[PDB]
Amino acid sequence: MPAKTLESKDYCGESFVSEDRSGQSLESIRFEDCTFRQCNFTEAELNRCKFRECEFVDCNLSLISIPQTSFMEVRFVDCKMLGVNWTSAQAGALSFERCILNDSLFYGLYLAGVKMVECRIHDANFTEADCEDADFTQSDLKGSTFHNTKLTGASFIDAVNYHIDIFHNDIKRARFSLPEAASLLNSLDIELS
């Protein structure tokens, strides 16, 4: 059953529940303090939209296209978000909680402080990204690409499956866990015990 038409280019305090927006083009809409429950945005285009203090819960955002869209103070909770190109977007004080970010593109992205806690993150690409102080507490990073990724001060406590060549990624003051941290040496072709 069709969703309310989004006539405005400004929304505020508004709640959006169980709406199917797949395939929709939203053009230059600004949302502030809006909540999104059980919404579907599969393959929507959020073109030049702005999101400030907003929250997404139980929403599917897979293959969403976010060209020149900003998220500032946005929280994503139990969201599916595969294959998203973030490369053109602006992120700031982003939080992801138990999201699935498989295959996402973060090349070059400024992500200082990002929270990606308890997330499935396979084959996501973080090349040239700024991830200072990023918090990957307990995420699965299997097959994700770290390369000239600034990782200074980031947390990989209880994270798993992270391949980080330490010659091409700054990890000063990064927090790690044992035994998982051992993978940091793989960068050296060293034989162990």
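Just count from 1 along the sequence shown to find any residue number.
Per-stretch averaging of Cα B factors for 154-162 and 64-72 places 154-162 on top. A summary of the deposited B-factors shows that, of 86-94 and 116-124, the stretch with the larger mean C-alpha value is 116-124. Across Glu53, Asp140, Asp133, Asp130, the greatest Cα temperature factor reported in the deposited entry is at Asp140. Among all modelled residues in its chain, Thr35 ranks in the middle third by Cα B-factor. Ranked against the other modelled residues of its chain, the C-alpha B-factor of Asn148 as given in the entry falls in the lowest third.
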